[PDB]
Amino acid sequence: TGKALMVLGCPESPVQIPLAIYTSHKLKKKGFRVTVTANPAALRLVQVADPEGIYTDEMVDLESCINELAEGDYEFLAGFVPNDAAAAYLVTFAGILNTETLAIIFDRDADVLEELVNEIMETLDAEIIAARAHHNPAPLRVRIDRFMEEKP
């Protein structure tokens, strides 16, 4: 019950936006109202992929969200992390929210994933899902389903 914030990274990989929507839909089926925060193209991709706004509840540009966010605004935080820039934003958002946090890391290079995994472990108190994926969402979708079966 409550509100959830979902942070997206720059969209390069085809699996991101689709998985962002899938994860949001999963959260909504648990009672959460979810807010998506991302750069301009990423938010646009979400808007056209879900033209009627059925899988999402609200959207806000990264900097604007950073400017208005305060502790207690959300009980759940989910961040997609395809790179350094995305990791740093999730860390920032996490420091402000101080709530249940989830990092979803992905890239096709195991080394890059390892670097991203290390970074999140050393900085945040957060559950991690990490998979080598670029075009096939399966690995991540299954692991997200699993996470969702238990953790709110």
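Just count from 1 along the sequence shown to find any residue number.
J.: Compare the mean C-alpha B-factor of 118 to 126 with that of 99 to 107 as given in the PDB entry, and name the stretch with the higher value.
T.: It is 118 to 126 that shows the higher mean C-alpha B-factor.
J.: Mean C-alpha B factor from the entry: is it higher for 15 to 23 or for 130 to 138?
T.: If you average the C-alpha B-factors of 15 to 23 and of 130 to 138, the larger mean comes out for 130 to 138.
J.: Looking at the C-alpha B-factor values in the deposited entry, which of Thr37, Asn83, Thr56, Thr92 comes out highest?
T.: Among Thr37, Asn83, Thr56, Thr92, the PDB entry lists the largest C-alpha B-factor for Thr56.
J.: Looking at the C-alpha B-factor of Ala49, is it in the lowest, middle or highest third of its chain?
T.: It belongs to the lowest third of the chain when residues are ordered by C-alpha B-factor.
J.: State the tercile, meaning the lowest, middle or highest third, of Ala42 with respect to the CA B-factors recorded for its chain.
T.: Lowest third - that is where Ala42 ends up once the chain's C-alpha B-factors are sorted.
J.: Lowest, middle or highest third: which one holds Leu69 when the chain's residues are ordered by CA B-factor from the entry?
T.: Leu69: CA B-factor falls in the middle third of its chain.
J.: What third of the chain, by the recorded C-alpha B-factor, contains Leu113?
T.: Highest third - that is where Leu113 ends up once the chain's C-alpha B-factors are sorted.
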